[PDB]
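Read through the structure below, which is laid out as C-alpha cells, and then see the notes.
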Amino acid sequence: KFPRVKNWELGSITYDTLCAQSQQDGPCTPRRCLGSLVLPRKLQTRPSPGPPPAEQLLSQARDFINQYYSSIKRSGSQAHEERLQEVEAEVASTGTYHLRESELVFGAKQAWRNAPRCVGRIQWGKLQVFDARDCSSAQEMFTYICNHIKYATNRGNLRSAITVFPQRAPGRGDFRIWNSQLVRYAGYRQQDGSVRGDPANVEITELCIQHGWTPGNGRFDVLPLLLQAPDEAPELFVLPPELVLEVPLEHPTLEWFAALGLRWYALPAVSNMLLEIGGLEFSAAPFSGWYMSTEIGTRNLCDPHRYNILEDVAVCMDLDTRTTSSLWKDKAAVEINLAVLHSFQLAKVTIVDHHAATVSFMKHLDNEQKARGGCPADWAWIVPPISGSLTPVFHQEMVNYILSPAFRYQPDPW
Amino acid sequence: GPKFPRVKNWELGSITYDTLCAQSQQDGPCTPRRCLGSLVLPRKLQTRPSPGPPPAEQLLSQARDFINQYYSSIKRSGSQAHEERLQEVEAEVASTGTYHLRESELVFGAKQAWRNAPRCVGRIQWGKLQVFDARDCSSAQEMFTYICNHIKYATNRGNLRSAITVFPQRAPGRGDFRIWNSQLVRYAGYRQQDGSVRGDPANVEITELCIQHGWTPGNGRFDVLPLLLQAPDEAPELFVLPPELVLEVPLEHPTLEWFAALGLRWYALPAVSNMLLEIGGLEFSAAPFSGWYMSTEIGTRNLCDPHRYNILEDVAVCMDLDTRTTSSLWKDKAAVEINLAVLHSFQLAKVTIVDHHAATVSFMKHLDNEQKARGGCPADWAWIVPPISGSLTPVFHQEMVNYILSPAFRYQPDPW
Ligand code: HEM
Ligand code: HEM
Ligand SMILES: [Zn+2]
C-alpha cells in the first residue's frame with residue numbers, strides 16, 4: 001500500500017504515505033513503466049468550450065478549500081464552513097467559481113511544492129505572487145510581465161515569482177503566452193537546414209516574424225513576446241533591453257573562452273505551463289526563480305540539438321576529439337559548467353551549482369517526510385545531467401505521483 | 001494513433017511505438033497512481049525461496065509459453081515437432097512436477113534472458129554468449145571447477161568473452177545450488193575498530209561470512225575474496241581462486257604521473273553470481289554470467305560512490321582542487337580523471353573495456369535493431385544512462401519503456 005523508499009548511500013528507509021492522497025493518474029501501469037516520457041499521452045488538458053461536471057469541479061474545490069483552511073489552522077472554523085458554502089453556491093449557479101487572493105497565493109506555493117520534476121523546492125515557501133486576474137488585454141499582459149521581470153531580476157539578486165493571469169472559462173478562448181519562456185534566444189533556419197541561434201526556438205522565432213517581427217541575425221537575439229487575449233490573434237511586444245539581464249560567459253583560467261562570445265540570460269521564466277488550483281485552471285501563469293548551472297552549461301549549451309558547443313570548446317582545449325575514450329566531451333562539459341558558475345558569480349547574479357542544489361533537495365525531502373509523510377519526486381529530472389552519481393539524490397529512491405494544486409503541460413495555442 | 005506506448009527521442013525528434021510490451025506477462029511495481037521505477041529492489045520479480053512445489057498449472061503455462069518462444073525462434077511454430085515437445089513437457093510435469101530443457105532450449109533461453117534485461121546497456125552483444133551447460137554438477141567442489149573454467153574462458157588473457165555457466169535448476173524438495181558471493185571476483189571489506197572499513201564497504205557481510213567459514217583474512221584494500229559455494233542441502237564450502245586466474249589491472253593516469261602511486265586497481269572480469277535465471281518457469285538459482293566492463297562501473301561507481309571506495313576527495317586533493325566549495329566542481333573534475341585513468345589503464349593492459357560514450361551509442365543501435373526485430377525493447381532509463389556525463393550521451397535523450405519479459409534474470413534472496 002505504502003512504498004518503502006530506500007537511500008542506498010546511507011541505508012536509511014522511509015515509507016511514502018502521501019502518495020495515497022493522489023487523485024490524478026500517471027502514465028504507468030503494472031504492465032509497464034513510462035516514467036521516462038516527458039509529456040503525457042492523454043494526461044493533457046482538453047479544451048474548455050463546455051463547463052466541467054459540477055460534481056467533479058465541486059469535489060476538487062472542496063478539497064482545495066479544505067487544504068487552505070488547514071494551512072492557516074482554521075479547519076472547521078466558521079470561516080471555513082462559510083467559504084465552502086460560497087464555492088458551493090457559485091458552482092451550482094454559474095458552473096465555476098473564483099479564488100480569494102489569499103487562497104491563490106497558497107495555491108501557487110503548493111503547486112510548486114508538489115512539482116515532482118523541480119530540484120529547487122526547498123524554496124517553495126518563498127514565492128512572490130502577482131495577481132493579474134484583473135487583466136483584460138494583451139497590452140496589459142505585457143505590462144504585468146515587464147513588472148514581473150523587473151521584480152524577479154532585482155538587478156541580479158533574483159527573487160522567485162509568479163504572475164497569474166485570468167483563469168480559463170467555458171466556451172471562451174484562453175489567455176496565453178505563446179513563448180515557452182519570457183526570455184528566449186531566436187533560432188533562424190538557414191540555407192542548408194542548419195540553424196543560427198537556439199535550434200529549440202525555430203518555430204517560435206518564425207511565428208514572431210510571421211506576426212510582424214523584424215528578425216535579427218545573431219546567435220543570442222532575445223525574442224519578442226507573442227501574447228494572446230481570449231479569442232484574439234496574438235500581439236507582438238518587444239522587451240525593453242534594459243529589463244533583460246544577461247551574463248557574458250568567460251572562464252576562470254582559460255583566457256580564450258571569452259572569445260567564444262557566449263552568453264546567457266539571468267532569468268529562467270517558464271511561461272507555457274498551466275497552473276491548476278482547486279479545479280480552476282490558469283492557462284497563463286509565468287513563474288521564475290534562478291538557474292541551476294547545469295541547465296545552461298550542460299543542457300542549453302551542450303545538448304546536440306541545442307547550441308552544441310562541445311566540440312568547439314574541446315578543440316580550443318586542444319583535446320583529442322578523435323576518440324570517445326579520451327573523454328574529451330566530459331572534460332569540455334566540466335569547463336563549460338565552470339565558466340557558467342564563474343561568470344554568474346562574477347556578474348553577481350544568483351545561481352546554484354548542481355551539488356549545492358541536490359544537497360538542499362535532500363534536506364527538502366527530509367522536511368517533507370516529517371511535514372507530509374512523503375514527497376513526489378521524478379528521479380530522472382532531479383538527478384543532474386552531468387555527474388549524476390556524484391550527487392546525493394542519485395542514491396535516493398523516489399516515488400513519483402500527482403498532487404494538486406499542480407503545474408501541468410498544455411497544448412501549444414497554435 | 002497506435003494504441004501502444006509512444007516513445008520519443010528528443011534529440012532526433014523521431015517517434016516509435018512499443019508493441020513488445022504487449023507480450024509482458026509479469027507485472028512491475030508501477031500503477032496509474034504512482035511510479036516506482038526508481039526503486040532498485042521492488043518486491044516484484046523477487047524470487048523468494050518457494051519450498052513447496054510450484055502450481056503445476058502456473059508452471060505449465062510458463063513452460064508452454066517458453067516452448068512457443070523457442071519454436072518461434074527456429075521458425076517451426078505450429079509444426080508437429082512443436083506440438084510433440086509441448087506434449088512432452090506437459091507429460092513430464094504430470095509425472096514429476098517439473099520438466100527439463102533440451103540443450104538448445106537452454107542456450108536460447110539464456111540469450112533471451114540477457115536480451116530481455118532492462119537494466120543492461122550492453123545488450124547489443126546479446127547474440128554472442130558462450131553458454132556452459134553445467135546441469136550435471138553434483139558437488140560444491142565441482143562447482144568450483146566449472147567456475148574456474150568459466151573464468152579462464154571468459155578472461156581469455158584480456159580479450160574478454162561473454163559467458164554464462166548454468167548449474168542445476170531448483171528442484172522440488174531439494175536444496176538450491178548457490179554461489180554466496182554476489183560476484184566471482186570481489187574485494188574484501190574489513191570493518192575497523194574506529195568503525196570505518198578497509199577495502200570495499202559493499203562486501204563487509206560476505207567478508208565476515210568467509211571468515212566465519214574458516215577464511216584467514218588479509219588486511220589490504222584489494223584482497224580478492226574466496227568463494228562460498230553451496231551444493232543442495234549442504235553447508236557452503238570455501239574455495240580460494242588461484243591468483244593466476246584473477247586478472248587485475250593496476251590503475252595509472254595518462255598524464256598525471258602521481259596517480260599510479262595511489263596503488264589503486266580493479267579486476268578485469270565482471271561476473272555477477274547471485275542472480276536467478278528463470279526460463280519457462282524453471283529456476284536456475286546458480287547461473288553466474290559475465291561480459292566486460294563499461295568504464296563508469298569502475299571509475300565512477302566502484303571508486304567514487306560515497307559508500308564504496310569513496311576516493312573523490314583523495315584524488316581532488318592530489319589535483320590540488322578546492323574541496324571546500326561545491327562551485328569549484330572538484331568532484332566533477334576528479335571523477336573525470338579517475339574514469340580516464342581506468343580506460344587508459346585497461347587499454348594499456350590490453351584488457352577489454354568500453355567507455356560510456358561508445359557503450360550508449362551501441363545501445364542506441366541495439367534499440368533500433370530491436371524495434372525492427374520485436375517492436376520494442378524493455379529499458380530502465382536510470383540504469384541505462386551513465387552515472388557521469390548523462391546528457392552528453394545519446395541515451396539520455398531517448399525515452400524508454402520498462403517492462404518484464406521472460407526468460408529473465410531476477411533478484412533472489414541471500415542464502416544465509
Ligand atoms: C528558485 C530556484 C529554482 C531552481 C534552481 C529550480 C530548478 C529546476 C530545475 C533544474 C528543473 C528541471 C529543468 C529541466 O530539466 O528542464 C525544474 C523544473 C521545474 N520547476 Fe523549478 N526551480 C526553481 C524555481 C521554481 C519556481 C519558482 C517554480 C514555480 C513557482 C518552479 C517550478 C518548476 C516546475 C513545475 C518544474 C517542472 C517543469 C516541467 O515539468 O517541465 N521552479 N526546476
Ligand atoms: C558485454 C558486456 C556487457 C556490458 C558492457 C554490460 C554492462 C552493464 C552495465 C553497466 C550494467 C549496470 C551495472 C550497474 O549499474 O550495476 C549492466 C547490468 C546488467 N547486465 Fe549487462 N553488460 C554486459 C554483459 C552482460 C551479460 C553477458 C549478461 C548476461 C548474460 C548481462 C546481464 C545484465 C543484467 C541482468 C543486468 C542487471 C542486473 C541488476 O539488476 O543489478 N550483461 N550491464
Ligand atoms: Zn513507472
Side-chain angles (χ1 to χ4, degrees), chain A residues 26-29 32-36 38-39 108-109 111-124 126-129 152 158-162 268-270 272-273 275 285 287-295 299 350-352 354 357 360 378 380-382 384-385 400 406-409, chain B residues 28-31 34-38 40-41 110-111 113-126 128-129 131 154 160-164 270-272 275 277 287 289-294 296-297 301 352-354 356 359 362-363 380 382-384 386-387 402 408-411:
Chain A
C28 296
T29 66
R32 75 289 180 289
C33 168
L34 297 174
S36 71
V38 182
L39 305 174
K109 296 176 178 171
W112 181 10
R113 188 192 190 175
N114 301 328
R117 293 166 175 186
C118 183
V119 69
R121 282 180 282 165
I122 193 178
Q123 297 283 163
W124 80 267
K126 183 160 196 165
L127 178 70
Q128 179 54 44
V129 183
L158 285 50
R159 298 180 286 193
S160 301
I162 181 172
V270 177
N272 66 176
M273 295 192 85
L275 166 64
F287 61 82
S288 61
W290 52 81
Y291 270 121
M292 174 168 78
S293 57
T294 50
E295 294 181 87
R299 303 304 302 288
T350 309
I351 193 150
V352 62
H354 51 296
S360 79
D378 189 338
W381 284 66
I382 297 295
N400 189 24
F407 281 103
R408 299 173 179 165
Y409 297 117
Chain B
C30 300
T31 74
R34 76 288 188 292
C35 177
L36 293 177
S38 70
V40 173
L41 306 172
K111 293 179 174 175
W114 177 10
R115 185 181 189 181
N116 294 333
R119 296 174 172 179
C120 181
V121 70
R123 287 179 281 160
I124 193 181
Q125 294 283 150
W126 81 266
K128 189 173 181 176
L129 178 68
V131 179
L160 279 51
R161 301 179 291 207
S162 295
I164 184 173
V272 181
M275 295 192 77
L277 169 58
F289 61 78
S290 65
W292 52 80
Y293 270 120
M294 174 166 88
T296 55
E297 289 181 272
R301 304 308 306 289
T352 311
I353 189 169
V354 65
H356 49 294
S362 71
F363 187 74
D380 194 326
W383 285 66
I384 297 296
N402 190 195
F409 286 106
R410 310 173 187 282
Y411 291 125

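Below, each value reflects all heavy atoms present in this structure, side chains not excepted, and no hydrogens, waters or symmetry copies. Every chain is numbered from 1, with letters handed out A, B, ... down the list of sequences. Both ligands and their constituent atoms are indexed starting at 1 by order of listing.
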Quick one: does any side-chain atom of B:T352 pair with a main-chain N or O of B:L160 as donor and acceptor, under 3.5 Å? yes
Which is it for A:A161 and ligand 1 at heavy atoms under 4.0 Å: side chain, backbone, both or neither? neither
For ligand 1, which atoms, with element, lie under 4.0 Å from some heavy atom of A:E295? 10 (C), 13 (C)
Between B:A154 and B:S290, the two heavy atoms sitting closest are CB-OG, 3.7 Å
So which heavy atom on B:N402 is nearest to which on B:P118, and how close? ND2-CB, 3.1 Å
Would B:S162 count as a contact residue for ligand 2, given that I'm defining contact as a non-hydrogen atom of the residue lying under 4.0 Å from a ligand atom? yes
How far is atom 4 (C) of ligand 2 from the closest protein heavy atom, and which atom is that? B:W292 O, 3.4 Å
So for A:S288, does at least one of its heavy atoms come nearer than 4.0 angstrom to any atom of ligand 1? yes
What one should report as the nearest heavy-atom pair of B:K111 and B:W126 is O-CE3, 3.9 Å
Let me confirm one number: the CE-OH distance from B:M275 to B:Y411, rounded to the nearest 0.5 Å. 5.5 Å
Would you name the heavy atoms of B:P29 and B:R34 that are closest together and state the gap between them? O-NH1, 2.9 Å
On a heavy-atom basis, which atom in A:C118 and which in A:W112 lie closest, and how many Å separate them? SG-NE1, 3.3 Å
Can you tell me how far the CD1 atom of A:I162 sits from the CD atom of A:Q128, to the nearest 0.5 Å? 11.0 Å
The Zn ion (ligand 3): angle it makes with SG (A:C28) and SG (B:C35), nearest 10 degrees: 110°
Top protein contact for atom 38 (C) of ligand 2, by heavy-atom distance: B:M275 SD, 3.6 Å
Looking only at non-hydrogen atoms, which of A:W124, A:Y291, A:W381, A:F287 approaches atom 28 (C) of ligand 1 most closely? A:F287
Backbone or side chain, does any N or O of B:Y411 fall under 3.5 Å from an N or O of ligand 2? yes
Determine how many protein N/O/S atoms sit closer than 2.8 Å to atom 21 (Fe) of ligand 2, leaving waters out since they are not shown. 1
Atom CG of B:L277 and atom CZ of B:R410: how far apart are they, to the nearest 0.5 Å? 10.0 Å
Closest non-hydrogen atoms of A:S360 and A:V119, given as atom of the first, atom of the second and distance, are OG-O, 4.5 Å
